[PDB]
file query.txt (compact mmCIF, N, CA and C atoms)
# COMPACT_ATOMS: atom_id res chain seq x y z
N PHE A 1 18.27 46.05 -16.98
CA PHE A 1 18.49 44.65 -17.44
C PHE A 1 19.94 44.39 -17.83
N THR A 2 20.64 43.60 -17.01
CA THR A 2 22.03 43.26 -17.28
C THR A 2 22.24 41.76 -17.12
N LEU A 3 23.34 41.25 -17.66
CA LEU A 3 23.63 39.82 -17.57
C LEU A 3 23.95 39.36 -16.16
N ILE A 4 24.53 40.24 -15.36
CA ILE A 4 24.85 39.91 -13.98
C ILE A 4 23.57 39.76 -13.16
N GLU A 5 22.65 40.70 -13.34
CA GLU A 5 21.37 40.66 -12.62
C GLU A 5 20.56 39.45 -13.07
N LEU A 6 20.82 38.98 -14.29
CA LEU A 6 20.11 37.83 -14.83
C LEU A 6 20.67 36.55 -14.24
N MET A 7 22.00 36.47 -14.15
CA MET A 7 22.66 35.30 -13.60
C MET A 7 22.27 35.06 -12.14
N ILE A 8 22.13 36.14 -11.38
CA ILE A 8 21.75 36.03 -9.97
C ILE A 8 20.31 35.53 -9.86
N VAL A 9 19.42 36.07 -10.69
CA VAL A 9 18.02 35.65 -10.68
C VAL A 9 17.93 34.15 -10.94
N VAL A 10 18.60 33.70 -11.99
CA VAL A 10 18.61 32.29 -12.36
C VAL A 10 19.25 31.44 -11.26
N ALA A 11 20.24 32.01 -10.58
CA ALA A 11 20.94 31.30 -9.51
C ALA A 11 20.02 31.08 -8.32
N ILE A 12 19.25 32.10 -7.96
CA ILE A 12 18.34 32.01 -6.83
C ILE A 12 17.24 30.97 -7.07
N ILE A 13 16.58 31.08 -8.22
CA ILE A 13 15.51 30.15 -8.58
C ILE A 13 16.03 28.72 -8.65
N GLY A 14 17.21 28.55 -9.24
CA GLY A 14 17.79 27.23 -9.38
C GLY A 14 18.11 26.57 -8.05
N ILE A 15 18.43 27.37 -7.04
CA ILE A 15 18.76 26.86 -5.72
C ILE A 15 17.50 26.46 -4.95
N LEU A 16 16.51 27.34 -4.95
CA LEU A 16 15.26 27.07 -4.26
C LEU A 16 14.59 25.82 -4.84
N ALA A 17 14.79 25.61 -6.14
CA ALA A 17 14.21 24.46 -6.83
C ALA A 17 14.99 23.18 -6.55
N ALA A 18 16.32 23.29 -6.54
CA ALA A 18 17.18 22.15 -6.30
C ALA A 18 16.93 21.56 -4.91
N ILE A 19 16.42 22.40 -4.01
CA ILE A 19 16.12 21.97 -2.65
C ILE A 19 14.68 21.45 -2.52
N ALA A 20 13.73 22.20 -3.06
CA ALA A 20 12.31 21.85 -2.98
C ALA A 20 11.87 20.62 -3.79
N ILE A 21 12.34 20.50 -5.02
CA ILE A 21 11.94 19.37 -5.86
C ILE A 21 12.18 18.01 -5.19
N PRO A 22 13.38 17.79 -4.63
CA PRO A 22 13.64 16.50 -3.98
C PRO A 22 12.72 16.26 -2.78
N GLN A 23 12.35 17.34 -2.09
CA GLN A 23 11.47 17.24 -0.93
C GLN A 23 10.05 16.87 -1.35
N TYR A 24 9.59 17.48 -2.44
CA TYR A 24 8.26 17.20 -2.97
C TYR A 24 8.18 15.71 -3.33
N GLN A 25 9.19 15.23 -4.04
CA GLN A 25 9.24 13.82 -4.45
C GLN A 25 9.19 12.89 -3.24
N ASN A 26 9.94 13.24 -2.19
CA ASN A 26 9.96 12.44 -0.97
C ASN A 26 8.57 12.43 -0.34
N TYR A 27 7.92 13.59 -0.33
CA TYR A 27 6.58 13.70 0.23
C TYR A 27 5.60 12.81 -0.55
N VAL A 28 5.72 12.79 -1.87
CA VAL A 28 4.84 11.96 -2.69
C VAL A 28 5.09 10.48 -2.38
N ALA A 29 6.36 10.12 -2.23
CA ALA A 29 6.73 8.73 -1.93
C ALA A 29 6.15 8.24 -0.60
N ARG A 30 6.18 9.09 0.42
CA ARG A 30 5.63 8.72 1.73
C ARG A 30 4.11 8.58 1.63
N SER A 31 3.48 9.46 0.86
CA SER A 31 2.04 9.43 0.67
C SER A 31 1.58 8.18 -0.07
N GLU A 32 2.37 7.72 -1.03
CA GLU A 32 2.03 6.52 -1.79
C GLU A 32 2.03 5.31 -0.85
N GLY A 33 3.03 5.25 0.02
CA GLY A 33 3.11 4.15 0.97
C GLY A 33 1.89 4.07 1.87
N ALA A 34 1.47 5.23 2.39
CA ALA A 34 0.31 5.30 3.28
C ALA A 34 -0.99 4.89 2.59
N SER A 35 -1.13 5.27 1.32
CA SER A 35 -2.31 4.95 0.52
C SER A 35 -2.42 3.45 0.25
N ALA A 36 -1.28 2.81 -0.03
CA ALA A 36 -1.25 1.37 -0.30
C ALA A 36 -1.70 0.59 0.93
N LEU A 37 -1.14 0.96 2.08
CA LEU A 37 -1.49 0.31 3.35
C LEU A 37 -2.96 0.54 3.72
N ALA A 38 -3.45 1.75 3.49
CA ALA A 38 -4.83 2.09 3.81
C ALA A 38 -5.87 1.33 2.98
N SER A 39 -5.46 0.85 1.80
CA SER A 39 -6.38 0.10 0.95
C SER A 39 -6.59 -1.35 1.42
N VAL A 40 -5.62 -1.93 2.11
CA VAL A 40 -5.78 -3.31 2.58
C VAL A 40 -6.09 -3.44 4.08
N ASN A 41 -5.67 -2.47 4.87
CA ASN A 41 -5.90 -2.50 6.32
C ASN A 41 -7.36 -2.80 6.71
N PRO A 42 -8.33 -2.12 6.08
CA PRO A 42 -9.74 -2.37 6.40
C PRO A 42 -10.20 -3.80 6.11
N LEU A 43 -9.54 -4.45 5.15
CA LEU A 43 -9.90 -5.81 4.77
C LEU A 43 -9.59 -6.86 5.85
N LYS A 44 -8.80 -6.49 6.85
CA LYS A 44 -8.49 -7.43 7.94
C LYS A 44 -9.77 -7.76 8.70
N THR A 45 -10.63 -6.76 8.86
CA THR A 45 -11.89 -6.95 9.58
C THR A 45 -12.81 -7.90 8.83
N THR A 46 -12.81 -7.80 7.49
CA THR A 46 -13.65 -8.67 6.67
C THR A 46 -13.18 -10.12 6.83
N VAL A 47 -11.87 -10.32 6.92
CA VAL A 47 -11.30 -11.66 7.09
C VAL A 47 -11.67 -12.24 8.47
N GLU A 48 -11.42 -11.48 9.53
CA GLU A 48 -11.72 -11.92 10.89
C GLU A 48 -13.19 -12.27 11.12
N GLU A 49 -14.10 -11.46 10.57
CA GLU A 49 -15.52 -11.73 10.75
C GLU A 49 -15.98 -13.00 10.05
N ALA A 50 -15.43 -13.28 8.87
CA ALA A 50 -15.81 -14.50 8.16
C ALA A 50 -15.32 -15.72 8.95
N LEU A 51 -14.07 -15.67 9.39
CA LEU A 51 -13.49 -16.78 10.14
C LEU A 51 -14.22 -17.03 11.47
N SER A 52 -14.54 -15.96 12.19
CA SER A 52 -15.21 -16.08 13.48
C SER A 52 -16.60 -16.70 13.40
N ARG A 53 -17.12 -16.87 12.19
CA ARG A 53 -18.43 -17.49 12.02
C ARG A 53 -18.34 -18.78 11.21
N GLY A 54 -17.12 -19.31 11.07
CA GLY A 54 -16.92 -20.54 10.34
C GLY A 54 -17.00 -20.49 8.82
N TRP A 55 -16.89 -19.29 8.25
CA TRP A 55 -16.95 -19.11 6.80
C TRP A 55 -15.56 -18.81 6.22
N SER A 56 -15.47 -18.76 4.89
CA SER A 56 -14.22 -18.46 4.20
C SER A 56 -14.34 -17.10 3.50
N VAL A 57 -13.20 -16.58 3.04
CA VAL A 57 -13.17 -15.30 2.35
C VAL A 57 -12.63 -15.48 0.92
N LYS A 58 -13.21 -14.76 -0.03
CA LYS A 58 -12.80 -14.83 -1.43
C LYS A 58 -12.57 -13.42 -2.00
N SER A 59 -11.70 -13.30 -3.00
CA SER A 59 -11.40 -12.00 -3.59
C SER A 59 -12.52 -11.59 -4.55
N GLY A 60 -12.54 -10.31 -4.91
CA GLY A 60 -13.53 -9.87 -5.87
C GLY A 60 -14.76 -9.15 -5.38
N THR A 61 -15.68 -8.92 -6.31
CA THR A 61 -16.91 -8.20 -6.04
C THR A 61 -18.19 -9.02 -6.27
N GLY A 62 -18.12 -10.33 -6.03
CA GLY A 62 -19.30 -11.17 -6.21
C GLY A 62 -20.27 -11.07 -5.03
N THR A 63 -21.11 -12.09 -4.88
CA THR A 63 -22.10 -12.12 -3.79
C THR A 63 -21.75 -13.19 -2.76
N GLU A 64 -22.35 -13.09 -1.57
CA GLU A 64 -22.12 -14.09 -0.54
C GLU A 64 -22.70 -15.40 -1.04
N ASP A 65 -21.95 -16.49 -0.84
CA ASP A 65 -22.36 -17.81 -1.29
C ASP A 65 -22.65 -18.73 -0.11
N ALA A 66 -23.93 -18.94 0.19
CA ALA A 66 -24.34 -19.79 1.30
C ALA A 66 -24.01 -21.27 1.09
N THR A 67 -23.93 -21.71 -0.16
CA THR A 67 -23.62 -23.11 -0.46
C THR A 67 -22.17 -23.46 -0.12
N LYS A 68 -21.24 -22.61 -0.56
CA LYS A 68 -19.82 -22.83 -0.31
C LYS A 68 -19.32 -22.08 0.92
N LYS A 69 -20.18 -21.25 1.50
CA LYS A 69 -19.83 -20.47 2.68
C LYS A 69 -18.64 -19.54 2.42
N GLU A 70 -18.74 -18.73 1.36
CA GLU A 70 -17.67 -17.79 1.01
C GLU A 70 -18.17 -16.34 0.99
N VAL A 71 -17.37 -15.46 1.59
CA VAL A 71 -17.66 -14.03 1.67
C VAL A 71 -16.65 -13.28 0.79
N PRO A 72 -17.12 -12.32 -0.04
CA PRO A 72 -16.21 -11.56 -0.91
C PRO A 72 -15.58 -10.35 -0.21
N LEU A 73 -14.43 -9.89 -0.72
CA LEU A 73 -13.76 -8.73 -0.14
C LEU A 73 -14.49 -7.44 -0.50
N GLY A 74 -15.25 -7.47 -1.59
CA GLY A 74 -16.03 -6.32 -2.02
C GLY A 74 -15.30 -5.17 -2.70
N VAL A 75 -14.15 -5.44 -3.29
CA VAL A 75 -13.39 -4.40 -3.97
C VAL A 75 -12.65 -5.01 -5.17
N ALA A 76 -12.66 -4.31 -6.30
CA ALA A 76 -11.97 -4.82 -7.49
C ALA A 76 -10.46 -4.71 -7.29
N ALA A 77 -9.70 -5.62 -7.89
CA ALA A 77 -8.25 -5.64 -7.74
C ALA A 77 -7.57 -4.31 -8.06
N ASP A 78 -8.09 -3.59 -9.06
CA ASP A 78 -7.52 -2.32 -9.48
C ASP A 78 -8.28 -1.05 -9.06
N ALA A 79 -9.13 -1.13 -8.03
CA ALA A 79 -9.90 0.05 -7.58
C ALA A 79 -9.05 1.30 -7.25
N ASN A 80 -7.86 1.08 -6.68
CA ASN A 80 -6.93 2.18 -6.35
C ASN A 80 -5.88 2.14 -7.47
N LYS A 81 -5.90 3.12 -8.38
CA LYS A 81 -4.97 3.14 -9.51
C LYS A 81 -3.48 3.15 -9.18
N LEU A 82 -3.14 3.21 -7.90
CA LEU A 82 -1.74 3.19 -7.48
C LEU A 82 -1.15 1.79 -7.69
N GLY A 83 -2.00 0.76 -7.68
CA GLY A 83 -1.54 -0.60 -7.87
C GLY A 83 -2.62 -1.68 -7.86
N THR A 84 -2.26 -2.87 -7.38
CA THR A 84 -3.18 -4.01 -7.32
C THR A 84 -3.26 -4.70 -5.95
N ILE A 85 -4.47 -5.11 -5.58
CA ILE A 85 -4.77 -5.80 -4.31
C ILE A 85 -4.88 -7.31 -4.57
N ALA A 86 -4.35 -8.13 -3.66
CA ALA A 86 -4.41 -9.59 -3.81
C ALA A 86 -4.54 -10.35 -2.48
N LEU A 87 -5.25 -11.48 -2.53
CA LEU A 87 -5.48 -12.35 -1.37
C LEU A 87 -4.86 -13.73 -1.62
N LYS A 88 -4.21 -14.30 -0.61
CA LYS A 88 -3.59 -15.62 -0.74
C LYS A 88 -3.56 -16.35 0.60
N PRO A 89 -4.05 -17.60 0.64
CA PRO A 89 -4.65 -18.36 -0.47
C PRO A 89 -6.04 -17.79 -0.79
N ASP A 90 -6.56 -18.12 -1.97
CA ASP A 90 -7.86 -17.60 -2.41
C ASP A 90 -8.73 -18.72 -2.99
N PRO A 91 -9.80 -19.11 -2.26
CA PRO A 91 -10.27 -18.61 -0.96
C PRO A 91 -9.41 -19.03 0.25
N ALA A 92 -9.67 -18.42 1.40
CA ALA A 92 -8.92 -18.73 2.63
C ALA A 92 -9.89 -19.06 3.78
N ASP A 93 -9.62 -20.17 4.48
CA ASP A 93 -10.48 -20.61 5.58
C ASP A 93 -9.86 -20.57 6.98
N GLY A 94 -8.67 -20.00 7.11
CA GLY A 94 -8.04 -19.90 8.42
C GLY A 94 -7.23 -21.09 8.93
N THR A 95 -7.09 -22.14 8.13
CA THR A 95 -6.31 -23.29 8.57
C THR A 95 -4.86 -23.14 8.12
N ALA A 96 -4.56 -22.01 7.48
CA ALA A 96 -3.21 -21.72 7.00
C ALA A 96 -2.95 -20.21 7.03
N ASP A 97 -1.68 -19.81 7.01
CA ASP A 97 -1.35 -18.39 7.04
C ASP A 97 -2.01 -17.65 5.88
N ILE A 98 -2.37 -16.39 6.12
CA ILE A 98 -3.04 -15.57 5.10
C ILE A 98 -2.31 -14.24 4.84
N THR A 99 -2.27 -13.81 3.58
CA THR A 99 -1.65 -12.53 3.25
C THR A 99 -2.56 -11.65 2.38
N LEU A 100 -2.54 -10.35 2.66
CA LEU A 100 -3.28 -9.35 1.89
C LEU A 100 -2.14 -8.43 1.41
N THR A 101 -1.96 -8.31 0.09
CA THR A 101 -0.88 -7.48 -0.44
C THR A 101 -1.29 -6.36 -1.39
N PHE A 102 -0.52 -5.27 -1.38
CA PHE A 102 -0.76 -4.18 -2.31
C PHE A 102 0.55 -3.96 -3.07
N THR A 103 0.51 -4.22 -4.38
CA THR A 103 1.67 -4.07 -5.26
C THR A 103 1.55 -2.74 -5.99
N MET A 104 2.50 -1.84 -5.75
CA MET A 104 2.46 -0.51 -6.34
C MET A 104 2.94 -0.39 -7.79
N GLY A 105 2.21 -1.03 -8.71
CA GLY A 105 2.58 -0.99 -10.11
C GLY A 105 2.38 0.34 -10.82
N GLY A 106 1.60 1.23 -10.23
CA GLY A 106 1.37 2.52 -10.85
C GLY A 106 2.01 3.69 -10.12
N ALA A 107 3.00 3.42 -9.28
CA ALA A 107 3.68 4.47 -8.51
C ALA A 107 4.84 5.15 -9.25
N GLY A 108 5.31 6.25 -8.67
CA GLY A 108 6.42 6.99 -9.24
C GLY A 108 7.71 6.19 -9.11
N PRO A 109 8.84 6.73 -9.60
CA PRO A 109 10.17 6.10 -9.58
C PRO A 109 10.64 5.48 -8.25
N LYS A 110 10.37 6.15 -7.14
CA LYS A 110 10.80 5.64 -5.83
C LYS A 110 10.12 4.35 -5.38
N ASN A 111 8.81 4.25 -5.56
CA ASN A 111 8.03 3.08 -5.12
C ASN A 111 7.57 2.09 -6.20
N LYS A 112 7.78 2.41 -7.48
CA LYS A 112 7.31 1.52 -8.55
C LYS A 112 7.64 0.04 -8.33
N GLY A 113 6.60 -0.78 -8.25
CA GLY A 113 6.79 -2.21 -8.06
C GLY A 113 7.01 -2.71 -6.64
N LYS A 114 7.16 -1.81 -5.67
CA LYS A 114 7.37 -2.22 -4.28
C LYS A 114 6.08 -2.83 -3.72
N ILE A 115 6.21 -3.67 -2.69
CA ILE A 115 5.06 -4.36 -2.11
C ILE A 115 4.89 -4.22 -0.59
N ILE A 116 3.65 -3.98 -0.16
CA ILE A 116 3.33 -3.90 1.27
C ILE A 116 2.51 -5.16 1.60
N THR A 117 2.95 -5.90 2.61
CA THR A 117 2.30 -7.15 3.01
C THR A 117 1.75 -7.21 4.44
N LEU A 118 0.50 -7.66 4.59
CA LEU A 118 -0.13 -7.85 5.90
C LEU A 118 -0.27 -9.37 6.05
N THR A 119 0.43 -9.95 7.02
CA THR A 119 0.43 -11.40 7.24
C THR A 119 -0.27 -11.85 8.53
N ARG A 120 -1.22 -12.78 8.39
CA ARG A 120 -1.94 -13.31 9.55
C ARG A 120 -1.49 -14.75 9.81
N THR A 121 -0.80 -14.97 10.93
CA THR A 121 -0.34 -16.31 11.28
C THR A 121 -1.53 -17.09 11.84
N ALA A 122 -1.81 -18.24 11.23
CA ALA A 122 -2.94 -19.09 11.61
C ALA A 122 -2.93 -19.61 13.05
N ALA A 123 -1.74 -19.88 13.58
CA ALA A 123 -1.60 -20.40 14.94
C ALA A 123 -2.14 -19.48 16.04
N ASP A 124 -1.79 -18.20 15.98
CA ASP A 124 -2.21 -17.24 16.99
C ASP A 124 -3.11 -16.10 16.50
N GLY A 125 -3.41 -16.09 15.20
CA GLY A 125 -4.27 -15.05 14.64
C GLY A 125 -3.73 -13.63 14.72
N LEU A 126 -2.42 -13.48 14.79
CA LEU A 126 -1.83 -12.14 14.87
C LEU A 126 -1.46 -11.59 13.48
N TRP A 127 -1.62 -10.28 13.30
CA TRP A 127 -1.30 -9.63 12.03
C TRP A 127 0.01 -8.83 12.13
N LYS A 128 0.82 -8.87 11.07
CA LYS A 128 2.09 -8.15 11.04
C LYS A 128 2.30 -7.48 9.67
N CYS A 129 2.76 -6.23 9.67
CA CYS A 129 2.99 -5.50 8.42
C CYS A 129 4.48 -5.41 8.07
N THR A 130 4.81 -5.78 6.83
CA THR A 130 6.19 -5.69 6.32
C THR A 130 6.17 -5.01 4.95
N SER A 131 7.29 -4.40 4.57
CA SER A 131 7.41 -3.70 3.29
C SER A 131 8.82 -3.82 2.70
N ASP A 132 8.93 -3.81 1.38
CA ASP A 132 10.24 -3.89 0.75
C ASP A 132 10.67 -2.56 0.13
N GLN A 133 9.97 -1.48 0.49
CA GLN A 133 10.31 -0.14 -0.01
C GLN A 133 11.58 0.31 0.70
N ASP A 134 12.11 1.46 0.29
CA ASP A 134 13.28 2.04 0.94
C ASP A 134 12.79 2.40 2.34
N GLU A 135 13.60 2.11 3.35
CA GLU A 135 13.22 2.37 4.74
C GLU A 135 12.57 3.72 5.03
N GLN A 136 13.07 4.78 4.40
CA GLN A 136 12.54 6.11 4.63
C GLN A 136 11.09 6.32 4.17
N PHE A 137 10.59 5.44 3.30
CA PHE A 137 9.21 5.58 2.82
C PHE A 137 8.24 4.55 3.41
N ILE A 138 8.72 3.77 4.37
CA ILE A 138 7.89 2.75 5.01
C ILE A 138 6.94 3.37 6.04
N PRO A 139 5.65 2.99 6.00
CA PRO A 139 4.66 3.54 6.94
C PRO A 139 4.95 3.18 8.40
N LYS A 140 4.52 4.05 9.30
CA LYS A 140 4.70 3.83 10.73
C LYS A 140 3.91 2.59 11.13
N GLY A 141 4.55 1.67 11.84
CA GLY A 141 3.87 0.45 12.25
C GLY A 141 4.23 -0.75 11.38
N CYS A 142 4.96 -0.49 10.29
CA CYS A 142 5.40 -1.53 9.36
C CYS A 142 6.93 -1.60 9.44
N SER A 143 7.51 -2.71 8.97
CA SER A 143 8.96 -2.87 9.00
C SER A 143 9.43 -3.71 7.81
N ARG A 144 10.73 -3.97 7.75
CA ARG A 144 11.27 -4.78 6.66
C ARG A 144 11.05 -6.25 7.00
call {"tool": "encode", "arguments": {"input": "query.txt", "output": "structure tokens"}}
result
Amino acid sequence: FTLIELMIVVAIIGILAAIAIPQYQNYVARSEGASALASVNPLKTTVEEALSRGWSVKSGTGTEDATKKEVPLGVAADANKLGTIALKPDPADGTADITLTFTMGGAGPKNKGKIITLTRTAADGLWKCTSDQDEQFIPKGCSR
């Protein structure tokens, strides 16, 4: 046991860590982005099916309403602790553009507060994904 042998040990560990820690963080950041997108992507089908039958869509976990012709999304706003899910306009009947968003309020330093948006243009019924995260953490298929 000597001070030189100690300094080298500490030097080795400090280097392997200085390299790995930033990589781990980056990996977590990419994973958060994918999880946010995966929580709203399935909801596009719920929107399309309601519209294709002349009905509207509403947020929340209520029941189908035959009087007002509204279908619920079936998921609580905070079901995924990474953030919050939102629909706009609410309710939506397809005569105007629609957005499904996931706001990452519970994410780590890199993504905290960033937003992933799925936009449906009423004219042609096409969906497009955009994000305001740092480019390196944006999911494949989405853009700024």
call {"tool": "closest_residue", "arguments": {"input": "query.txt", "among": "A:92, A:85, A:107, A:7", "to": "residue A:39", "atoms": "all atoms listed in the file"}}
result
A:85
call {"tool": "atom_distance", "arguments": {"input": "query.txt", "atom1": "atom N of residue A:35", "atom2": "atom N of residue A:89"}}
result
23.1 Å
call {"tool": "select_by_dssp", "arguments": {"input": "query.txt", "residues": "chain A", "states": "helix (DSSP H, G or I)", "output": "PyMOL selection string"}}
result
chain A and resi 3-40+43-51+135-137
call {"tool": "write_last_selection", "arguments": {"input": "query.txt", "atoms": "N, CA and C atoms", "output": "compact mmCIF listing (two decimals), in the frame of the given file"}}
result
# COMPACT_ATOMS: atom_id res chain seq x y z
N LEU A 3 23.34 41.25 -17.66
CA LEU A 3 23.63 39.82 -17.57
C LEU A 3 23.95 39.36 -16.16
N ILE A 4 24.53 40.24 -15.36
CA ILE A 4 24.85 39.91 -13.98
C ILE A 4 23.57 39.76 -13.16
N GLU A 5 22.65 40.70 -13.34
CA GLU A 5 21.37 40.66 -12.62
C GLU A 5 20.56 39.45 -13.07
N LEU A 6 20.82 38.98 -14.29
CA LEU A 6 20.11 37.83 -14.83
C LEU A 6 20.67 36.55 -14.24
N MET A 7 22.00 36.47 -14.15
CA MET A 7 22.66 35.30 -13.60
C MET A 7 22.27 35.06 -12.14
N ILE A 8 22.13 36.14 -11.38
CA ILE A 8 21.75 36.03 -9.97
C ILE A 8 20.31 35.53 -9.86
N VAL A 9 19.42 36.07 -10.69
CA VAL A 9 18.02 35.65 -10.68
C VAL A 9 17.93 34.15 -10.94
N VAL A 10 18.60 33.70 -11.99
CA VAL A 10 18.61 32.29 -12.36
C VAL A 10 19.25 31.44 -11.26
N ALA A 11 20.24 32.01 -10.58
CA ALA A 11 20.94 31.30 -9.51
C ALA A 11 20.02 31.08 -8.32
N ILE A 12 19.25 32.10 -7.96
CA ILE A 12 18.34 32.01 -6.83
C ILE A 12 17.24 30.97 -7.07
N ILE A 13 16.58 31.08 -8.22
CA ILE A 13 15.51 30.15 -8.58
C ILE A 13 16.03 28.72 -8.65
N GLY A 14 17.21 28.55 -9.24
CA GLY A 14 17.79 27.23 -9.38
C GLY A 14 18.11 26.57 -8.05
N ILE A 15 18.43 27.37 -7.04
CA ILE A 15 18.76 26.86 -5.72
C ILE A 15 17.50 26.46 -4.95
N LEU A 16 16.51 27.34 -4.95
CA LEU A 16 15.26 27.07 -4.26
C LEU A 16 14.59 25.82 -4.84
N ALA A 17 14.79 25.61 -6.14
CA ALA A 17 14.21 24.46 -6.83
C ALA A 17 14.99 23.18 -6.55
N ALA A 18 16.32 23.29 -6.54
CA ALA A 18 17.18 22.15 -6.30
C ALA A 18 16.93 21.56 -4.91
N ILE A 19 16.42 22.40 -4.01
CA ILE A 19 16.12 21.97 -2.65
C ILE A 19 14.68 21.45 -2.52
N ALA A 20 13.73 22.20 -3.06
CA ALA A 20 12.31 21.85 -2.98
C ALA A 20 11.87 20.62 -3.79
N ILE A 21 12.34 20.50 -5.02
CA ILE A 21 11.94 19.37 -5.86
C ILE A 21 12.18 18.01 -5.19
N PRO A 22 13.38 17.79 -4.63
CA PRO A 22 13.64 16.50 -3.98
C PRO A 22 12.72 16.26 -2.78
N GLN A 23 12.35 17.34 -2.09
CA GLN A 23 11.47 17.24 -0.93
C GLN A 23 10.05 16.87 -1.35
N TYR A 24 9.59 17.48 -2.44
CA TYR A 24 8.26 17.20 -2.97
C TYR A 24 8.18 15.71 -3.33
N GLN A 25 9.19 15.23 -4.04
CA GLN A 25 9.24 13.82 -4.45
C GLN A 25 9.19 12.89 -3.24
N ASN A 26 9.94 13.24 -2.19
CA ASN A 26 9.96 12.44 -0.97
C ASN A 26 8.57 12.43 -0.34
N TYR A 27 7.92 13.59 -0.33
CA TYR A 27 6.58 13.70 0.23
C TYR A 27 5.60 12.81 -0.55
N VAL A 28 5.72 12.79 -1.87
CA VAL A 28 4.84 11.96 -2.69
C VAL A 28 5.09 10.48 -2.38
N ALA A 29 6.36 10.12 -2.23
CA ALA A 29 6.73 8.73 -1.93
C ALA A 29 6.15 8.24 -0.60
N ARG A 30 6.18 9.09 0.42
CA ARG A 30 5.63 8.72 1.73
C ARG A 30 4.11 8.58 1.63
N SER A 31 3.48 9.46 0.86
CA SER A 31 2.04 9.43 0.67
C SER A 31 1.58 8.18 -0.07
N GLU A 32 2.37 7.72 -1.03
CA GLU A 32 2.03 6.52 -1.79
C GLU A 32 2.03 5.31 -0.85
N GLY A 33 3.03 5.25 0.02
CA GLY A 33 3.11 4.15 0.97
C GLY A 33 1.89 4.07 1.87
N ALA A 34 1.47 5.23 2.39
CA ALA A 34 0.31 5.30 3.28
C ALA A 34 -0.99 4.89 2.59
N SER A 35 -1.13 5.27 1.32
CA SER A 35 -2.31 4.95 0.52
C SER A 35 -2.42 3.45 0.25
N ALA A 36 -1.28 2.81 -0.03
CA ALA A 36 -1.25 1.37 -0.30
C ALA A 36 -1.70 0.59 0.93
N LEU A 37 -1.14 0.96 2.08
CA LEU A 37 -1.49 0.31 3.35
C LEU A 37 -2.96 0.54 3.72
N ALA A 38 -3.45 1.75 3.49
CA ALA A 38 -4.83 2.09 3.81
C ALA A 38 -5.87 1.33 2.98
N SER A 39 -5.46 0.85 1.80
CA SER A 39 -6.38 0.10 0.95
C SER A 39 -6.59 -1.35 1.42
N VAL A 40 -5.62 -1.93 2.11
CA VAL A 40 -5.78 -3.31 2.58
C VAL A 40 -6.09 -3.44 4.08
N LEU A 43 -9.54 -4.45 5.15
CA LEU A 43 -9.90 -5.81 4.77
C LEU A 43 -9.59 -6.86 5.85
N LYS A 44 -8.80 -6.49 6.85
CA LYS A 44 -8.49 -7.43 7.94
C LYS A 44 -9.77 -7.76 8.70
N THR A 45 -10.63 -6.76 8.86
CA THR A 45 -11.89 -6.95 9.58
C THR A 45 -12.81 -7.90 8.83
N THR A 46 -12.81 -7.80 7.49
CA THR A 46 -13.65 -8.67 6.67
C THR A 46 -13.18 -10.12 6.83
N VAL A 47 -11.87 -10.32 6.92
CA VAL A 47 -11.30 -11.66 7.09
C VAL A 47 -11.67 -12.24 8.47
N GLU A 48 -11.42 -11.48 9.53
CA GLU A 48 -11.72 -11.92 10.89
C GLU A 48 -13.19 -12.27 11.12
N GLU A 49 -14.10 -11.46 10.57
CA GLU A 49 -15.52 -11.73 10.75
C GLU A 49 -15.98 -13.00 10.05
N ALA A 50 -15.43 -13.28 8.87
CA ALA A 50 -15.81 -14.50 8.16
C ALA A 50 -15.32 -15.72 8.95
N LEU A 51 -14.07 -15.67 9.39
CA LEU A 51 -13.49 -16.78 10.14
C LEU A 51 -14.22 -17.03 11.47
N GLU A 135 13.60 2.11 3.35
CA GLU A 135 13.22 2.37 4.74
C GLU A 135 12.57 3.72 5.03
N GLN A 136 13.07 4.78 4.40
CA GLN A 136 12.54 6.11 4.63
C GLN A 136 11.09 6.32 4.17
N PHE A 137 10.59 5.44 3.30
CA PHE A 137 9.21 5.58 2.82
C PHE A 137 8.24 4.55 3.41
call {"tool": "residues_around", "arguments": {"input": "query.txt", "residues": "stretch 21-31 of chain A", "least_positions_apart": "6", "cutoff": "12 Å", "atoms": "only C-alpha atoms", "output": "ChimeraX atom specification"}}
result
/A:13-15,37-38,82,104,107-112,114,133-140
call {"tool": "closest_residue", "arguments": {"input": "query.txt", "among": "A:5, A:124, A:93, A:32", "to": "residue A:52", "atoms": "only C-alpha atoms"}}
result
A:93
call {"tool": "residues_around", "arguments": {"input": "query.txt", "residues": "residue A:70", "least_positions_apart": "4", "cutoff": "6 Å", "atoms": "only N, CA and C atoms", "output": "MDAnalysis selection string"}}
result
chainID A and resid 55:58 64:66
call {"tool": "atom_distance", "arguments": {"input": "query.txt", "atom1": "atom C of residue A:40", "atom2": "atom N of residue A:95"}}
result
19.2 Å
call {"tool": "closest_residue", "arguments": {"input": "query.txt", "among": "A:19, A:34, A:100, A:77", "to": "residue A:46", "atoms": "only C-alpha atoms"}}
result
A:100
call {"tool": "atom_distance", "arguments": {"input": "query.txt", "atom1": "atom N of residue A:101", "atom2": "atom C of residue A:54"}}
result
21.2 Å
